[PDB]
């Protein structure tokens, strides 16, 4: 099946000083957002009609409560231990936790935390694992968090029992959107390159869903290995934009074409042909 294979929640907690911290959070299927976290209310925002998956309203509310309590307690505890942990304000903590469905059906769970934009800890086999970048501060943290009643057991349940059933339930509930096929549009442009008598050709591909795509500069059947792919960039409303570029000598651009393959095209690749002397 196509479309996203993972669900995860993220956290960004920004600590301004000893008395002021704020947290942003959200839930995601790969890079598609399906939950917001509303700090006005301490509740989740369900961005799609199927965003609750197959969970009951009661279970959804219980999880909102867990996250509400966690977000509040996390900042308080971090402020309380910032002295003992030799923390200098301001600092920002990030977290990601979730699970992913692999080829062959296994679901693998993960939890990672960061401080200052660098890895700090992870959870592996339901234990807190300090990351080397986190140094002795990370080791102190893991040694601390296991002393808190119920936290690691709640984390274990969420990661290894709740997340896999939620992932499966929401992949199914959202399949009409998650496995939809949207045909990309493609166009060519050109521009200068610093090489004497060389230019850069650009093949633009935009509006395709799902994310996997194949774009290559071609000479007939010959794939031009000099093709360079840009970043795959988002559009609003779940499609992407990608450019493929080729640096070529002036008198050798004739004969080039751009070929796009995508799951939505049902075998009919897009082929654009580069024409010379400003013939578009």
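Positions refer to the first chain, counted from 1. Here the rigid core means the biggest group of C-alpha atoms that line up within 1.5 Å when the two forms are laid on top of each other.
Farther on average from this form in 8 other deposited structures of this protein lies stretch 193 to 201, the comparison being between 193 to 201 and 88 to 96 by RMS Cα distance after core superposition.
With 184 to 192 and 139 to 147 as candidates, the stretch whose CA atoms show the greater average offset from this form in 8 other deposited structures of this protein after a core fit is 184 to 192.
Higher mean CA B-factor, judged across 6 to 14 and 258 to 266 from the recorded values: 258 to 266. Checked against the record, the higher mean CA B factor of 152 to 160 and 181 to 189 lies with 152 to 160. Ranking 137, 204, 175, 112 by Cα temperature factor from the entry places 137 first.
Annotation for 99, 168, 121, 126: 126 ranks highest, by Cα B-factor. Ranked within its chain, residue 131 lands in the middle third, by CA B factor from the PDB record. Among all modelled residues in its chain, residue 194 ranks in the highest third by Cα B-factor. Among the modelled residues of the chain, residue 210 sits in the lowest third by CA temperature factor in this PDB entry.
For residue 224, the recorded CA temperature factor ranks within the middle third of the chain's modelled residues. Per the PDB record, residue ranking by Cα B-factor puts residue 30 in the lowest third of the chain.
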